[PDB]
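What follows is a single structure, written as structure tokens, with notes after it.
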Amino acid sequence: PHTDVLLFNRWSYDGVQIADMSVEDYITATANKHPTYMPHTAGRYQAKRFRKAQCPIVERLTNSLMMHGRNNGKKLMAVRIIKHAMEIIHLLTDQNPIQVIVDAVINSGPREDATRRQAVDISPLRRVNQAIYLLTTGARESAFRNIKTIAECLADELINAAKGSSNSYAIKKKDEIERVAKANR
Amino acid sequence: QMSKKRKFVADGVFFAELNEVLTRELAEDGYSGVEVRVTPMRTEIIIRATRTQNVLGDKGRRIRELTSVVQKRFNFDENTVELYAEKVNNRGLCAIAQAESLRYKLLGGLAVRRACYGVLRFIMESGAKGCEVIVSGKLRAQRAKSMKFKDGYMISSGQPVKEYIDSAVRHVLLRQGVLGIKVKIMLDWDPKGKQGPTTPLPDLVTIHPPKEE
Amino acid sequence: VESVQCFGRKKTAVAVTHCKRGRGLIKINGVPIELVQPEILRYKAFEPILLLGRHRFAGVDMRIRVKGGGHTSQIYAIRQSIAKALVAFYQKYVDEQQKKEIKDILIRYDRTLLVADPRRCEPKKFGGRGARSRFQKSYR
Amino acid sequence: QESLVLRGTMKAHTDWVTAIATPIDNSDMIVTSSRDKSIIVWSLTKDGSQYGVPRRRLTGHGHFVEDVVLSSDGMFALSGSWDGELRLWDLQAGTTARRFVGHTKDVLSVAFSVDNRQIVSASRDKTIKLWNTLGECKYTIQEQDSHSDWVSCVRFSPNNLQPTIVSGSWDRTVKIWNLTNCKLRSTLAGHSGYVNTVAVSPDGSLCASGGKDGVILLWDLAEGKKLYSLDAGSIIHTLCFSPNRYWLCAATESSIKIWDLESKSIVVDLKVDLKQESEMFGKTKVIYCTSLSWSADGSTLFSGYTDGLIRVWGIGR
Amino acid sequence: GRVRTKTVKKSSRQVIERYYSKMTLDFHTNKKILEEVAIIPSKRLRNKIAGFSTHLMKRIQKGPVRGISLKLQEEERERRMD
Amino acid sequence: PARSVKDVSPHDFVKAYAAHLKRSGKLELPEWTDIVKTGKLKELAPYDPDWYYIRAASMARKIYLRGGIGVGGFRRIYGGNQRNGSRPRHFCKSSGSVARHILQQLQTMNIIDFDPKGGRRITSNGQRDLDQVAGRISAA
Amino acid sequence: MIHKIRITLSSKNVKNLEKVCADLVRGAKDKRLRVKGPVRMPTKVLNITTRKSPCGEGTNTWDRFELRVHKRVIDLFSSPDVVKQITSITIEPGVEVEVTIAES
RNA sequence: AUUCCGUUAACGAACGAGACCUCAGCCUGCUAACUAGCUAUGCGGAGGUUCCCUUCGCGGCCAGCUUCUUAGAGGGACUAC
Ligand SMILES: *[C@@H]1O[C@H](CO)[C@@H](O)[C@H](O)[C@H]1O
Ligand SMILES: [K+]
Ligand SMILES: [K+]
Ligand SMILES: [Mg+2]
Ligand SMILES: [Mg+2]
Ligand SMILES: [Mg+2]
Ligand SMILES: [Mg+2]
């Protein structure tokens with residue numbers, strides 16, 4: 001389908017596809033599923049279970065940038081960081097930054113884990129939650145005590161994760177999580 | 001001229017202090033309360049007491065002494081404040097009067113068990129929904145304990161307590177220490193608003209009987 | 001005098017839009033809405049215009065006054081007052097079916113464009129510094 | 001013995017359709033009230049997807065709008081509400097022109113005089129009040145002989161020489177008042193349950209009362225005598241005489257039943273069938289008609305339902 | 001949870017016992033009836049009684065209920081058996 | 001269109017009007033311009049060599065938008081958070097000498113005058129001067 | 001001849017305050033005087049928060065005490081003598097009436 | 001929730017719980033405001049093209065009004081559907 005809503009009035013939702021059956025219904029980044037002009041909605045997504053799966057994936061990334069304590073609640077800065085990162089992603093990859101973000105989320109979500117310890121499967125929602133957490137944790141760690149800016153670190157983390165390369169912090173952690181899970185089968 | 005905030009606080013402090021002064025001056029005259037009715041050109045103070053003949057004195061001598069000392073103490077213009085004694089219509093529904101009634105029985109020497117049941121029985125005869133008398137202190141032994149005399153209905157929690165419960169606390173200075181008197185009287189719904197609160201209990205639902213016409 | 005005055009609310013922010021028959025002016029406290037601050041929240045204030053299109057506003061003049069709240073909540077109150085003012089104007093002075101059409105568009109995008117958010121600050125309780133947060137407990 | 005068929009439906013309201021008012025000029029406009037606290041002025045486009053569309057929506061009332069009547073000119077509407085207020089609506093300007101205060105509880109029925117010079121209203125406060133449309137005077141009809149429960153309907157008799165008010169009530173009595181002296185004339189007592197609707201024949205020689213018992217009692221207004229009784233079999237919500245065909249329609253919870261008065265036989269029973277409406281012109285199990293109103297020419301019947309849908313029934317096959 | 005207490009349930013049954021003819025299946029009409037036929041101190045309590053009585057009226061429509069004694073309904077049953 | 005102060009970005013206007021005041025040569029900078037800070041809340045003196053003209057342009061724009069502001073009001077407007085070492089931050093006022101001197105200069109330029117109710121008020125000449133500068137700013 | 005007289009009412013009891021305000025407005029409407037009001041000023045909430053314990057032992061619990069002051073302002077356009085007649089009626093306890101000639 | 005439905009050698013009650021009271025959330029409906037405002041209008045300043053447009057200031061107990069503010073009275077939810 002087609003929509004006139006463009007993210008930041010810059011990026012088109014047309015052509016964005018989620019090529020993964022498991023997490024397709026838990027990533028909101030397509031034209032048919034409530035496209036948004038900005039990743040800043042004063043939404044009420046914690047009122048009920050599974051309700052935050054409707055929150056746009058770009059805004060879920062923005063929320064996870066408001067860490068640690070020194071950055072709590074500074075959402076205007078977080079929206080700017082993602083706005084700059086998507087501009088950087090377009091330059092380096094020559095691709096739709098929204099498409100790259102969904103590819104990074106799909107690739108960085110672990111599909112198995114250990115609990116109690118024995119191997120268990122991970123629900124598609126927690127898989128998306130873990131992917132978002134891993135991507136922003138890697139960008140935050142590489143930016144700390146570094147000349148490189150947070151937007152550049154986030155863009156590189158997403159570009160590598162979307163590519164599946166091990167250079168990504170989130171890809172390495174996903175492999176470590178799934179490596180321990182297999183050891184406890 | 002003082003601001004509204006301080007004036008209302010100052011009026012509340014005058015009522016609290018006046019009640020304390022009368023609570024001690026008229027302790028053995030059944031003092032049960034006071035109403036301060038400030039009006040233009042005159043402030044009227046109405047003293048409620050079970051035994052008004054002892055508050056007025058011989059030919060109103062004492063009520064004039066109270067008026068004079070009150071006017072001087074509280075910086076009132078002379079002949080601009082009046083004191084009027086009044087009688088409690090239903091002495092058995094006033095906890096402050098029953099607490100002071102129990103106080104003088106204990107001071108006189110009457111046994112605690114007998115005195116507390118006399119008050120408890122009198123209050124229920126006067127048309128109360130319930131009553132509770134608590135006496136605490138060195139009753140006979142060196143170690144202190146509490147005796148609770150309860151009868152009828154009583155409530156403890158919620159807004160209705162403010163309207164339906166009439167409570168008082170008094171100290172009895174006996175020879176071995178201090179006894180604590182607590183009288184707690186639950187009133188009955190009085191639509192006229194005299195014997196008790198006019199508003200009913202929140203959980204009381206009344207169905208009108210249907211008519212056959 | 002075909003004018004309406006609709007408000008929007010977000011926390012303690014209140015924006016009232018005075019929408020009258022005009023030529024398309026949109027100003028907040030005398031300033032054109034294209035200069036809304038902060039600049040990154042400018043998209044949120046423009047959503048009603050972007051969703052419906054400027055041609056829907058070509059026949060009205062909107063003058064907005066906003067008070068209270070903060071930088072973010074004032075944008076949401078303004079954003080809500082504009083949407084309500086246009087809906088109230090079409091119902092009263094244009095048509096019921098045109099009001100039906102634009103209201104469906106606004107609702108399908110975001111329900112807070114027309115329905116206020118009831119959330120408010122929870123009061124602080126003693127024994128802690130927040131509404132929920134408690135003072136740190138030590139045993140030894 | 002013509003029957004009626006479903007011409008179409010109108011779907012603006014979002015709650016019970018409490019009342020319907022048709023113009024005396026047989027225009028393409030009707031005004032309906034609803035529990036959504038709004039009054040809608042309609043434009044009747046017979047041809048098209050929908051029989052009519054909402055032209056205006058007036059929302060001044062603070063509670064349910066229970067009744068609505070149009071003036072003879074057709075440019076003003078009068079409505080009652082559970083907030084205890086009457087509002088006169090300037091339909092052209094879509095605004096409130098006059099507010100009549102004084103009823104202390106819900107207003108359940110209003111009616112215009114034949115001249116539109118006087119207004120009468122019924123309320124749950126057990127009283128009937130008479131107003132002046134353009135004046136400020138008010139005359140409450142309170143007497144020793146008056147309704148002892150909710151007055152659920154008041155109607156003006158269409159007889160100018162002998163003005164008369166007929167008021168139903170939940171006390172199971174249908175009183176008849178003489179407007180000349182504002183004094184009770186007769187009291188009718190034949191209902192086992194509460195009466196929630198009364199009707200007066202266009203000629204003014206008949207009445208029709210229904211309610212809880214599900215029995216329609218036709219009285220003689222002149223003499224206050226029970227001529228006969230029809231049996232609806234279900235709670236009756238509103239009654240209306242046909243303007244031209246000498247019928248009597250009753251909105252029952254089971255269906256809408258029309259009785260030929262000369263024959264006292266049901267002409268037709270109109271039952272809601274969402275299957276038909278889904279395919280013909282295309283929530284709650286219990287849907288029943290709450291309001292009825294005939295067109296000025298009598299060609300179409302308008303029915304308001306608890307689901308907020310207005311169904312138009314036209315004479316035909 | 002939304003369990004009605006004895007105050008709500010007891011009052012609702014009493015209302016339906018002696019005003020069954022007046023009561024209807026509509027909550028909004030039933031709560032105006034409770035104002036007429038009862039003294040309910042608070043609006044919130046009145047709404048709960050009206051809502052539960054409306055629930056009980058629907059129960060009676062389908063069949064008989066335990067704690068409600070409807071004399072006219074009882075007379076109908078007696079005629080049926082006899 | 002015809003742009004006035006409210007129609008242009010405040011950042012762009014202050015830069016343009018500051019370059020206008022310096023270019024006129026009517027403001028007489030005090031001796032201590034290069035030495036002072038703009039309040040005890042500051043750590044260092046201003047970085048911009050032309051900070052005095054920038055501040056004067058900013059104060060003129062605020063008197064244009066609202067009359068009656070005095071020196072004390074401007075101390076609050078340019079105040080902010082003061083850091084107190086290991087203690088929490090609190091609001092601090094800015095310099096009164098900087099505010100007072102700038103107001104007394106703009107008044108000799110006849111951009112502002114004494115408001116009868118107190119404070120300073122924009123004059124007719126002041127309104128023209130500010131509005132003309134805003135009109136010459138390029139659309140951006 | 002006709003002057004704008006301001007009457008100010010203050011009380012802790014809302015019902016008594018509203019009762020006296022109605023008695024004055026209705027008492028002036030009988031004389032067909034022009035009446036402006038009653039105007040209800042924002043409620044003043046005096047607040048004292050204090051430690052419940054008379055000592056310092058135990059969990060630190062607090063009592064929030066509030067004393068609300070309600071204020072009404074009524075403007076009557078008439079002569080002082082007429083206003084003195086209306087306000088002379090007995091006033092409910094705790095309601096403080098204050099009559100002043102508005103400085104306009 | 002010892003909240004209820006029922007079971008039932010118990011029946012019928014009393015407390016606590018709930019109800020309740022305060023604050024907050026909805027009302028373009030009611031009451032009505034020179035110690036709260038808005039809209040319009042008049043006059044004046046500035047900008048743009050004399051009207052006109054944009055913006056700001058001031059005035060009017062006889063511009064009007066109560067959306068915004070205030071605070072009284074009510075309504076609103078009952079899990080109703
Ligand atoms: C003593 O009696 C008075 C009688 O007015 C009553 O108001 C008090 O509450 C009671 O203690
Ligand atoms: K500052
Ligand atoms: K002008
Ligand atoms: Mg209790
Ligand atoms: Mg409780
Ligand atoms: Mg208002
Ligand atoms: Mg309320």
Side-chain angles (χ1 to χ4, degrees), chain B residues 130 152-162 201-204, chain C residues 1 3-7 14-18 20 23 25 27 30 65 67 81 84 88 115-123, chain D residues 37 59-63 81-85 87 99 101 283-286, chain E residues 1-9 26-28 30-31 41-52 54-55 66, chain F residues 1-7 64-67 121-132 134-135, chain G residues 4 14 17-18 21 34 36-43 66 70 72-73 75 77 102 104:
Chain B
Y153 294 76
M154 196 61 60
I155 50 174
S156 307
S157 61
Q159 186 62 16
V161 172
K162 303 183 186 306
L201 288 166
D203 48 2
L204 174 59
Chain C
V1 182
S3 71
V4 300
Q5 278 177 120
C6 297
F7 64 82
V14 189
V16 183
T17 294
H18 169 58
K20 72 199 303 192
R23 69 207 93 265
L25 170 147
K27 287 180 177 170
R65 59 195 193 274
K67 190 170 188 172
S81 70
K84 283 175 65 183
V115 182
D117 198 323
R119 293 181 289 175
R120 296 295 194 278
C121 286
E122 184 177 330
Chain D
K37 312 199 299 186
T59 67
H61 275 296
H63 215 331
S81 173
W82 289 23
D83 62 2
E85 305 296 335
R87 280 176 180 264
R99 246 168 47 84
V101 193
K283 297 183 178 180
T284 49
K285 284 203 182 190
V286 184
Chain E
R2 294 175 190 265
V3 188
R4 292 83 152 193
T5 54
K6 283 162 183 169
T7 299
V8 177
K9 290 202 176 71
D26 176 61
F27 160 83
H28 298 283
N30 287 11
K31 78 179 186 178
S42 77
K43 182 202 292 173
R44 203 156 79 90
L45 181 58
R46 179 250 291 161
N47 282 322
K48 287 158 177 293
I49 293 171
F52 185 73
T54 302
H55 166 84
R66 191 64 153 278
Chain F
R3 290 190 174 182
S4 297
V5 173
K6 282 169 166 292
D7 301 359
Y64 170 101
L65 294 170
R66 190 211 301 163
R121 182 177 54 185
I122 198 79
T123 64
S124 297
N125 175 70
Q127 274 170 311
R128 177 179 307 98
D129 194 54
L130 291 168
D131 279 352
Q132 284 181 323
Chain G
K4 165 152 154 286
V14 176
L17 185 64
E18 298 291 303
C21 289
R34 184 192 174 191
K36 264 189 173 183
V39 188
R40 315 187 214 274
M41 304 291 94
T43 309
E66 290 185 308
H70 306 259
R72 304 284 177 277
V73 189
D75 292 308
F77 296 81
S104 302

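Below, read A as the first sequence line, B as the second, and so on, with proteins coming before strands; counting in each chain starts at 1.
The side chain of E/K31 places an N or O atom within less than 4.0 Å of a non-bridging phosphate oxygen (OP1 or OP2) of H/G76. Contact check, E/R66 against H/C4: no side-chain N or O comes under 4.0 Å of OP1 or OP2. Under 4.0 angstrom from either OP1 or OP2 of H/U31 there lies at least one side-chain N or O belonging to D/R99. Side-chain nitrogen and oxygen atoms of G/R72 include at least one within less than 4.0 Å of the OP1 or OP2 phosphate oxygen of H/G72. Side-chain N/O atoms of G/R40 include none lying less than 4.0 angstrom from OP1 or OP2 on H/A32. Residue E/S42 has a polar side-chain atom (N or O) positioned under 4.0 Å from OP1 or OP2 of H/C20. Considering only side-chain N and O atoms, F/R128 lies under 4.0 angstrom from the phosphate OP1 or OP2 of H/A46. Residue C/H18 has a polar side-chain atom (N or O) positioned under 4.0 Å from OP1 or OP2 of H/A40. When the side-chain nitrogen and oxygen atoms of E/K48 are compared with OP1 and OP2 of H/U79, one or more of them lie within a distance under 4.0 Å. An OP1 or OP2 oxygen of H/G16 is reached within less than 4.0 angstrom by a side-chain nitrogen or oxygen of B/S157. Dashed line: the shortest gap from a side-chain N or O of F/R3 to OP1 or OP2 of H/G47 is not under 4.0 Å. Between E/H55 and the phosphate of H/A80, there is no side-chain N or O to OP1/OP2 separation shorter than 4.0 Å.
Relative to the side chain of B/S156, the nucleotides H/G45, H/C15, H/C27 differ in distance, and H/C15 lies closest. Out of H/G47, H/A71, H/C78, the shortest distance to the side chain of G/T43 is found at H/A71. Among H/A77, H/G76, H/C20, the nucleotide with an atom closest to any side-chain atom of D/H63 is H/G76. Comparing H/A19, H/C78, H/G76 by their closest approach to the side chain of E/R46 singles out H/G76. Looking at the side chain of E/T5, the nearest of the listed nucleotides H/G18, H/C62, H/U28 is H/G18. Among H/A1, H/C30, H/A46, the nucleotide with an atom closest to any side-chain atom of E/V3 is H/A1. Listed nucleotides H/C78, H/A46, H/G16 differ in distance to E/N47; the shortest reach to its side chain belongs to H/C78.
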Between N or O atoms, less than 3.5 Å apart, protein on one side and nucleotides 33-36 of chain H on the other: list the pairs.
{"residue": "H/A33", "atom": "OP1", "partner": "G/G37", "partner atom": "N", "Å": "3.1"}
{"residue": "H/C34", "atom": "OP1", "partner": "G/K36", "partner atom": "NZ", "Å": "3.0"}
{"residue": "H/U35", "atom": "OP1", "partner": "G/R6", "partner atom": "NH1", "Å": "3.3"}
{"residue": "H/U35", "atom": "OP1", "partner": "G/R6", "partner atom": "NH2", "Å": "3.4"}
{"residue": "H/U35", "atom": "OP2", "partner": "G/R6", "partner atom": "NH2", "Å": "2.8"}
{"residue": "H/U35", "atom": "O4", "partner": "G/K71", "partner atom": "NZ", "Å": "3.4"}

Can you give me the N/O atom pairs linking the protein to nucleotides 8-11 of chain H at distances under 3.5 Å, or say none if there are none?
none

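Comparing H/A10 with H/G6, their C1' atoms sit 16 Å apart, to the nearest whole Å. Atom name P, nucleotides H/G12 and H/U7: the rounded distance is 14 Å, in whole Å. Here the separation of H/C53 from H/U41, taken at their P atoms, is 9 Å to the nearest Å. Here the separation of H/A46 from H/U35, taken at their P atoms, is 34 Å to the nearest Å. Spacing of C1' atoms, H/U69 relative to H/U22, comes out at 23 Å, to the nearest Å. Taking atom P in both H/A33 and H/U66, one finds a spacing of 11 Å when rounded to whole Å. Atom name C1', nucleotides H/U79 and H/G64: the rounded distance is 46 Å, in whole Å. Separation of the P atoms belonging to H/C58 and H/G74 is 41 Å when rounded to the nearest angstrom.
North puckering is assigned to the sugar ring of H/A19, since its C1'-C2'-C3'-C4' angle is above zero.
Taken as a pair, H/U69 and H/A10 do not qualify under the rule of Watson-Crick (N1-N3 plus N6-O4 or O6-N4) or G-U wobble (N1-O2 and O6-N3), both under 3.5 Å. With both atom-pair distances required to fall under 3.5 Å, no Watson-Crick or G-U wobble pair links H/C11 to H/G57. If you check H/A36 against H/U66, you find a Watson-Crick or G-U wobble pair, both contacts below 3.5 Å. Applying the 3.5 Å cutoff to both bonds, H/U7 and H/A14 do not register as a Watson-Crick or G-U wobble pair.
Within a 6.0 Å radius of CZ in F/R66, other residues, nucleotides and ligands contribute 12 heavy atoms or fewer. Counting non-hydrogen atoms of neighbouring residues, nucleotides and ligands closer than 6.0 angstrom, the OH atom of B/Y153 reaches no more than 12 such neighbours.
Side chain to side chain, F/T123 and F/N125 fail the donor-acceptor criterion of an N or O pair below 3.5 Å. E/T54 and E/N30 share a donor-acceptor pair across their side chains, judged by distance under 3.5 Å alone.
Judged by closest nucleotide on RNA chain H, B/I155 is the one of C/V1 and B/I155 placed further toward the 5' end. Of the two residues contacting RNA chain H, namely B/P202 and E/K9, the nearest-nucleotide position lying further toward the 5' end is that of E/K9.
E/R4 forms no cation-pi arrangement with E/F52, by the criterion of a distance under 6.0 Å to the ring centre and an angle within 45° of the ring axis.
Residue E/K6 holds its NZ atom at 13.0 Å from CG of B/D203, rounded to the nearest 0.5 Å.
An anti orientation is assigned to H/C4, its glycosidic angle lying beyond 90° of 0. In this structure, H/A17 shows a glycosidic angle more than 90 degrees from zero, which is the anti conformation. Taking 90° from 0 as the syn/anti boundary, the base of H/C11 is oriented anti.
Atoms NZ (E/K43) and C1' (H/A73) sit 11 Å apart, rounded to a whole Å.
At a cut-off of 3.5 angstrom, the base of H/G18 holds no donor-acceptor pair with the side chain of E/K6. One donor-acceptor pair, N or O on each side, does fall under 3.5 Å between the base of H/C68 and the side chain of C/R65. Judged by atom type and distance alone, F/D7 does not reach the base of H/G47 through any side-chain donor-acceptor pair under 3.5 Å.
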